[PDB]
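Just the one chain here, laid out as structure tokens, in the form deposited in one PDB entry.
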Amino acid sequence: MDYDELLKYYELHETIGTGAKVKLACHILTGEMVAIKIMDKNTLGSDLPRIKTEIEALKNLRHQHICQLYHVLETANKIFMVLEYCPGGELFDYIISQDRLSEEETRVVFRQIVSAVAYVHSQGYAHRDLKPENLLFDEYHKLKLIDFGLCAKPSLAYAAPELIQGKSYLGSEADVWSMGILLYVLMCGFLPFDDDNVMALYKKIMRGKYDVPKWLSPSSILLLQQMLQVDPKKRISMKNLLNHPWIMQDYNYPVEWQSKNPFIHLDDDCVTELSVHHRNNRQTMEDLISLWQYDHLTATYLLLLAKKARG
């Protein structure tokens, strides 16, 4: 009953992970691989309106460093979200496999995180759960931001001091702190604040003191100081991160945060390829795609666009 409608469009493969369950699947019409997030409506209970909030936010996010939503299917018992499959896995596992990244490789990945987070802020949202388990590598080894635990709104080791304390906060300021923890982990391969006891970890985060390894450059140390300020008002703004001297080193252009993935411009080749599968004319097809209902038509159009981009 629950998988019947989904199986009209996708061939299901194995479970990837569990939190929600995620399955690898293949979109039948295009042959493109997708990740399907499966949520039980009864299990969610009082949390169900929050899932509807995440979905509406993702529908408003379309960006080169954000995992793409293709299709939302709701049945009597489940909500299925069909998403971009990132075959490279988690940044969390990548850092561990490499031990730590050089300053140069850290900058390659950090500029992608900055691009995604600045865009999220430009759209009027805050992520609030930035961490390496929420950053995945796509087939081109580029990063895609996800939010697996429904924190984004219009994990303790990465949480800002004010967020933990239950004080009022600005999501953008909490994101900058979390980005500072990510910058440290990328270059060190361990957390700046860590403890086996939750209370002692809480004390360490509130204090804001951390070891500075000998391999960190003076410029890296300065950027870390600018992001990891216990006082949220003393933290660097996102605007100043885009063209920060450390960020610009070896690039000489600020982070390109604007989206390259449009809602308005339709790709003529993909509209043509999609139109052959429907009994309607081309203009009726274009009008329907432009409604962005996140039904099978939306999924087919976006997957054809991904298939085109590979070529």
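Throughout, we count residues from 1 along the sequence that is shown. Throughout, rigid core stands for the largest set of C-alpha atoms superposing within 1.5 Å between the two forms.
The discussion below concerns the form deposited in another entry, not included here.
**Q** Relative to the superposed rigid core, does the CA atom of residue 62 travel 2 Å or more between this form and the one not shown?
**A** Residue 62 C-alpha, core-superposed: shift of less than 2 Å.
**Q** Aligning on the rigid core, do we see the C-alpha of residue 281 shift 2 angstroms or more between this form and the one not shown?
**A** Yes; that C-alpha moves by at least 2 Å between this form and the one not shown.
**Q** Fitting the rigid core first, would the Cα of residue 148 be found 2 Å or more away between this form and the one not shown?
**A** Yes; that C-alpha moves by at least 2 Å between this form and the one not shown.
**Q** What direction does the residue 148-residue 125 Cα distance move in that other deposited form compared with the shown chain, closer or farther, given a change of 3 Å or more?
**A** Closer, not farther.
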